[PDB]
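Chemist: For reference, the structure I am asking about is given below.
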RNA sequence: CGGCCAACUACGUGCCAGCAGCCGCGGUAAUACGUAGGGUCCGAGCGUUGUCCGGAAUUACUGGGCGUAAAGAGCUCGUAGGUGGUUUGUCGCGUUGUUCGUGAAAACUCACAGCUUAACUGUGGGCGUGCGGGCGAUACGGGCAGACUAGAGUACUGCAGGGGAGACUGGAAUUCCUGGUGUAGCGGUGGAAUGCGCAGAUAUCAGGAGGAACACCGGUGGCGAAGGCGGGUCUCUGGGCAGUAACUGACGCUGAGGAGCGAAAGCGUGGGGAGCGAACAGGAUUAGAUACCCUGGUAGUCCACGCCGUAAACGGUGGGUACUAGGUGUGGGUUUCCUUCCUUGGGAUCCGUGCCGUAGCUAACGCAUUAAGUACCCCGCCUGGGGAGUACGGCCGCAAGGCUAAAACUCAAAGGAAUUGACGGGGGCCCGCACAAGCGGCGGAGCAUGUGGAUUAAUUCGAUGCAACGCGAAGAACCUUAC
RNA sequence: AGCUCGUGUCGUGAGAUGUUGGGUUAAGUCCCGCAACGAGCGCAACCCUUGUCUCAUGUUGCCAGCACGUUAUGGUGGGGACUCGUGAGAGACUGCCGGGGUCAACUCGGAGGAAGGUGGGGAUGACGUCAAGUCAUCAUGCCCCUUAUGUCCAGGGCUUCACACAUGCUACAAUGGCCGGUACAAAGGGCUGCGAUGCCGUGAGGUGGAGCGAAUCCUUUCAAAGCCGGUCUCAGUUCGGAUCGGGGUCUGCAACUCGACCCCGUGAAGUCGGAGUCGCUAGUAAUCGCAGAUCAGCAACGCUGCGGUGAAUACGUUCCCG
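Protein chains in written order, with this note's numbering: chain A, 1 to 207; chain B, 208 to 342.
Shown next, in the form of structure tokens:
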């Protein structure tokens, strides 16, 4: 175990909590319903890139905000997708649950989306070098990106021997607290097993 | 001061040094000596001094030197070798211990004397000055 | 149908059954096994085996090598042979041109023709690389008859030297013997013990006997073909170098076989024997010491005369010759100029012996005017690694043994140089409760807990140096719980 | 404190150089040189806590100056003064001085200061190594089971014991045991939980329920070592508590296997521990108590924290280890 999770390193300094509420007696069941919501949204939607899911609660009403790179896919033009998600979130005993669907401004500057794309390419047929090079170039093309590192490991290329490979470009100062490191991990489903892709993206520092 | 090994061959890399020197001159002009830590600004000033001291006549290198004038080729063998690799003609004053096979336009004479080398530099400077006159 | 080398998937099997020219594939997901689809290459054929050539420059005439990869005889002398400076005339042997005869046919090759084409057949040339006869040329090689002095040798004048053989001889030291003084230890080691001494040792002094080796000079300095050679003197003797160039006039080089010399050890006969010292004895160390260390100690080491004939006999580099930048030490000798001419004054030159460095060469390391560069002449040797420098036969030897020198079988390598790591009972410089300085513990007792082992129907499973063992277990009566 | 990359250069090539040399540092930290010039991950800093001060701040927290108090005290009206709690900020930067230093890094000493030279302690663990561990948190390729290797239940087992190893606790006593009196903490927890006063037991505890989602109430107002007094007099003892007999309490459906605790009795080994070996450099070791998580209860002497009292020693890198 080498490196701690970058989000947890800067949780109180740079990054922010993804769940915002206060509970004293009802902390445990709040946590249970939050994880249920998260797993439901993870399983239901896979096509549009789900970069982040926030949950806010206040007594009866529950506010869940999600960021996706393809908002049109997850939303029903007549509300059909909205109807389905609303109903099955009511079924999660959430009382009144309301949704704010959002869109990320720069999908290529978001680590989770980058890892999702790399893993999706890896799954079907693509050689891993191609995927890493393409992701690195696309991210560095963005204005705020100051450094990106992509690393994936496993039975790469269907080999019998597991391997770890990584390429870096620019600056990725993992030990610096003020530097904001966007971290994204997502597992690629291949016929020979499971391939894990980790992405670190560095875009300046916040003081 | 000192020939950085590979000015001519590694031109693209060493041009970045001139770019950085200009950036740091701009930073001096804007006055950013207090916005960061004292150690960082001190190290930055030291870097400024080192870069300007090691690169005195290098701030005008646009493309490449069309010719090289050198004193005591034995001492600066790296510069002559770089010119020979690039094919740039080299004009040198060769002393009795030098190799005439490496220079194209030798000028036999002493280089250990300040006065003789000074006189030769006068001659070459007059040549280049009049040539810049007749552009 | 993995790559060489055109052409891939599925099922079955699992270190089996099997495949395979080599590398190598079979360990429940094989493009290498077996079978089916698909494909590729050929096609009345397609594969396998056997044999020859090619690839193989891997016997190298074309067309290879020998410092370290296999390969320079240990070194010389010299026989047969090979090879040979400048120049004149001649011969026409080699060499070369031309011509005539011959080189059967068939075959091969070129053209044409006939089978319906082709294979096949025929016709006409070429080829038949050669040999014999005539005629022409004389540059080169050779022969013959001369000439020359640059190679080679002689003469004369100097020079340096541990070159060799013999005889005689000197001093220091070790040992022993004798006689004084003189006491209780000496000797030896990492530490000791065997050992010597108390019957007078070790120490010190005087005297005597004997053998061997020659401190300083004394070095990367000299001599010798190599092995090798330094105490002094005398006798006999070999080679080298320089100068003059008086003499001879190619008399040169190499050298198969052959002959001679050839460290140390060893062998024979006869002497000698101080020190050292295989073997052999004890002591010690060690788990064991047929060793390293200690105390003794025989052959041998020494001399005379003979054998042996090997060495990391190495510069791991055969001999001769010519040419190809320099710089700087040092040994021997001749000479011009600074000139005191005292002075490595300096230069030039010939002969040695080192270091550094170009060009060039080499796989690299390196070599580099003392070549491992550029060339010519002659000799020795190499042809993957083991088996094996061995067996058999032979020759030599008193013997030990030496020289010459295989095969069966077996492997798919064995090798050279250099690079990056790792390591060292290699070196240097540093660090850390690493040691040292301290304080408190564990290992002993009782109990708690975990583990091994054993036991049981079951004692669920996982964790085994640091980095498993009050760990997963932050809570096993039922539940947990998987037994 | 190291691991690399781009370009350049050297080499037929594997590769080399940078990253080596001198100095310096905790550090590939920095400086000077240098066929190298730069860059990246590491180092350091940015974060938390702690040590000083300033401003803001007064409740459930303080109470110095004023009043009411009845012993029972900030208890009560009142008050920012002093603590404290929590927001913002200042403050250590070789900043200054003197000396070594290449006038460079760096280093020694001094002043000021609460603090002096990365102040103390945390969090943060580069490329990789060890096919290290984990298919029993989870997920997962392939293989296997599928009237069972799934699944329900009762009972049992995971606690078995001739031994061996490992981590701990309690001791072997007078620097102590027992009895009486008495003084000082921090941190943390609490709703179907903490649970006080009172009453009943000798004691676990029983009854009862005040007040508390808590700077308020409860954990007692909080400790133990400590201090004072008395006794014991060097003994297998007034040390030591194992083992065993009898009697109870509580939790729980249920304490046989197999819970903790309380009372009476019992009173084992043990006299400071061989070879060997472990931790620790200062608020540290040693020692004393308190709290939390897991949890109906507990095998907790374990683990994670908190405070009390508080040492000795370092000449120096030859040896052992990395």
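We put the CB at the ideal spot given by N, CA and C, even for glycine.
1) I'd like the span of the alpha helix (DSSP H) that includes residue 88 of chain A, first residue to last.
2) What residue range is occupied by the uninterrupted alpha helix (DSSP H) comprising residue 115 of chain A?
3) With DSSP collapsed to three states, give me the class of residue 263 of chain B.
4) What first and last residue would you give for the alpha helix (DSSP H) that runs through residue 27 of chain A?
5) Let me know the secondary structure DSSP gives residue 218 of chain B once reduced to three states.
6) With a threshold of 8 Å, are at least 3 pairs of Cβ atoms found where one atom belongs to the segment 243-252 of chain B and the other to the segment 221-230 of chain B?
7) Taking the alpha carbon of residue 165 of chain A as the point to measure from, which residue in A:156, A:171, A:172 and A:173 has its own alpha carbon closest?
8) Three-state secondary structure (DSSP) at residue 74 of chain A?
9) Flag this pair as touching only if the segment 192-203 of chain A and the segment 107-122 of chain A have three or more C-beta atom pairs under 8 Å; answer yes or no.
10) Kindly identify the DSSP beta-bridge partner or partners of residue 2 of chain A.
11) Classify residue 62 of chain A: buried if its beta carbon has 16 or more other beta carbons within 10 angstroms, exposed otherwise.
12) Where does residue 122 of chain A land, buried or exposed, given buried means 16+ other C-beta within 10 angstroms?
13) Note down the Cα distance separating residue 245 of chain B from residue 193 of chain A, rounded to an integer number of angstroms.
14) Would DSSP call residue 107 of chain A helix, strand or coil?
15) Within 10 angstroms of its Cβ, does residue 128 of chain A collect 16 or more other Cβ (buried), or is it exposed?
16) List the endpoints of the continuous beta strand (DSSP E) containing residue 284 of chain B.
17) Could you pull out every residue in the same chain whose Cβ sits closer than 6 Å to the Cβ of residue 100 of chain A, ignoring the five residues on either side in sequence?
18) Inspect the CB distances between the segment 306-323 of chain B and the segment 268-283 of chain B and report whether three or more fall short of 8 Å.
19) Just list the alpha helix (DSSP H) runs in the segment 230-280 of chain B, keeping only unbroken ones of 4 residues or longer that don't cross its boundaries, in chain order.
20) Any idea what DSSP makes of residue 142 of chain A, helix, strand or coil?
21) Would the segment 48-60 of chain A and the segment 1-10 of chain A be scored as touching if the rule is three or more Cβ pairs under 8 Å?
22) For the alpha helix (DSSP H) that residue 326 of chain B lies in, which residues bound it at each end?
23) With a Cβ-Cβ cutoff of 9 Å, do residue 139 of chain A and residue 104 of chain A count as a contact?
24) Can you tell which of B:296, B:257 and B:286 has the C-alpha that lies nearest to the C-alpha of residue 274 of chain B?
25) Using the Cβ count rule (16 or more neighbours within 10 Å means buried), how would you classify residue 34 of chain A?
26) Should residue 67 of chain A go down as buried or exposed, given a rule of 16 or more other Cβ atoms within 10 Å for buried?
27) DSSP three-state label for residue 228 of chain B, please.
28) Taking residue 180 of chain A and residue 206 of chain A to be in contact with their CB atoms under 8 Å, please state how far apart those CB atoms are, rounded to whole angstroms.
29) Report all residues from its chain with a CB closer than 7 Å to the CB of residue 93 of chain A; omit the five preceding and five following residues, and keep chain order.
30) Span of the beta strand (DSSP E) holding residue 18 of chain A?
31) Quick check on residue 198 of chain A: does DSSP put it in helix, strand or coil?
Modeler: On the basis of the supplied data:
1) 80-90
2) 111-124
3) coil
4) 27-44
5) helix
6) no
7) A:156
8) helix
9) yes
10) Answer is none; residue 2 of chain A lacks a bridge partner.
11) buried
12) buried
13) 53 Å
14) helix
15) buried
16) Careful: residue 284 of chain B lies outside any beta strand (DSSP E), inside the alpha helix (DSSP H) at 284-293.
17) 65
18) yes
19) 245-261
20) coil
21) no
22) 321-340
23) no
24) B:296
25) buried
26) buried
27) helix
28) 5 Å
29) 33
30) Careful: residue 18 of chain A lies outside any beta strand (DSSP E) and carries neither H nor E.
31) strand
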